[PDB]
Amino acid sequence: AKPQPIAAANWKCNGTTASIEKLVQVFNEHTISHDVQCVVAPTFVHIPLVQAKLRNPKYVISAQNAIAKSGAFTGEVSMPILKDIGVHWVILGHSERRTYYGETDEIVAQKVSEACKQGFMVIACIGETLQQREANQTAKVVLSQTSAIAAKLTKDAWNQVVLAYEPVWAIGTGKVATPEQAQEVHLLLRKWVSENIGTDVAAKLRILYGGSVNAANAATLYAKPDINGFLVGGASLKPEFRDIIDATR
């Protein structure tokens, strides 16, 4: 049996107080009747508003990034600061951060390890570029990204790990991976985890797909046996996030 699914909203760098209040009300009013962990990841400055307004019992709040330690890091938000304010989920290694903001495999791996030590649930993002896919390097890349993370984790830390496979070419581009494309990658990831980390770990691990998930494509993705839900960007700013949650039934 599949583990508990996750439907996660990565709002990225978007929102106003008014738009968030309206969308949160929509999410609150959508009654969910199956076992699913819903996640909303607002910008840092919007975390308190979401904490104040979001009440749907299936939801938890995540940060979109963090640094490991407090101190003289003007502009950054640390893991201890998030834990103190009640945020104990974090997205780490998103492609935008890997690409724009210097986050190498080593940096991502270190952040994931620090977050697990500090008691976070971590949505750790992996995924190949268009060039890597066309060179037949998808497996090599996602396994190298995953193994880099794994090298800094104890076995027991994996209870806190969620993988999000987001092919870079599918992020924001209007070009979702097909169910077959996504399932092939999720299958190979789960096999690696089973063999390298443990059979128990692999059975319980959520491996989410992201990159152009929408209300219309989500259910046929979720029907694949190794897809455990979604990390949703653009559609998660809209009422159709409700449909995406319901696609994990």
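Numbers for residues come from their place in the sequence shown, where the first is 1.
The mean C-alpha temperature factor is higher for 28-36 when 28-36 and 43-51 are set side by side. Mean CA B-factor, 119-127 versus 136-144: the higher value falls on 136-144. The maximum CA B-factor among the listed residues 89, 73, 158, 165, taken from the PDB record, is found at 158. Take 208, 61, 203, 66 and read off each C-alpha B-factor from the entry; 203 has the highest. Per-chain ranking of the deposited C-alpha B factor places residue 93 in the lowest third.
Annotation for residue 154: C-alpha temperature factor in the highest third relative to the rest of the modelled chain, per the entry. When all modelled residues of the chain are sorted by CA temperature factor, residue 12 is found within the lowest third.
In the deposited entry, the Cα temperature factor of residue 239 sits in the middle third of values across the chain's modelled residues.
For residue 79, the recorded CA B-factor ranks within the lowest third of the chain. Only modelled residues enter the ranking.
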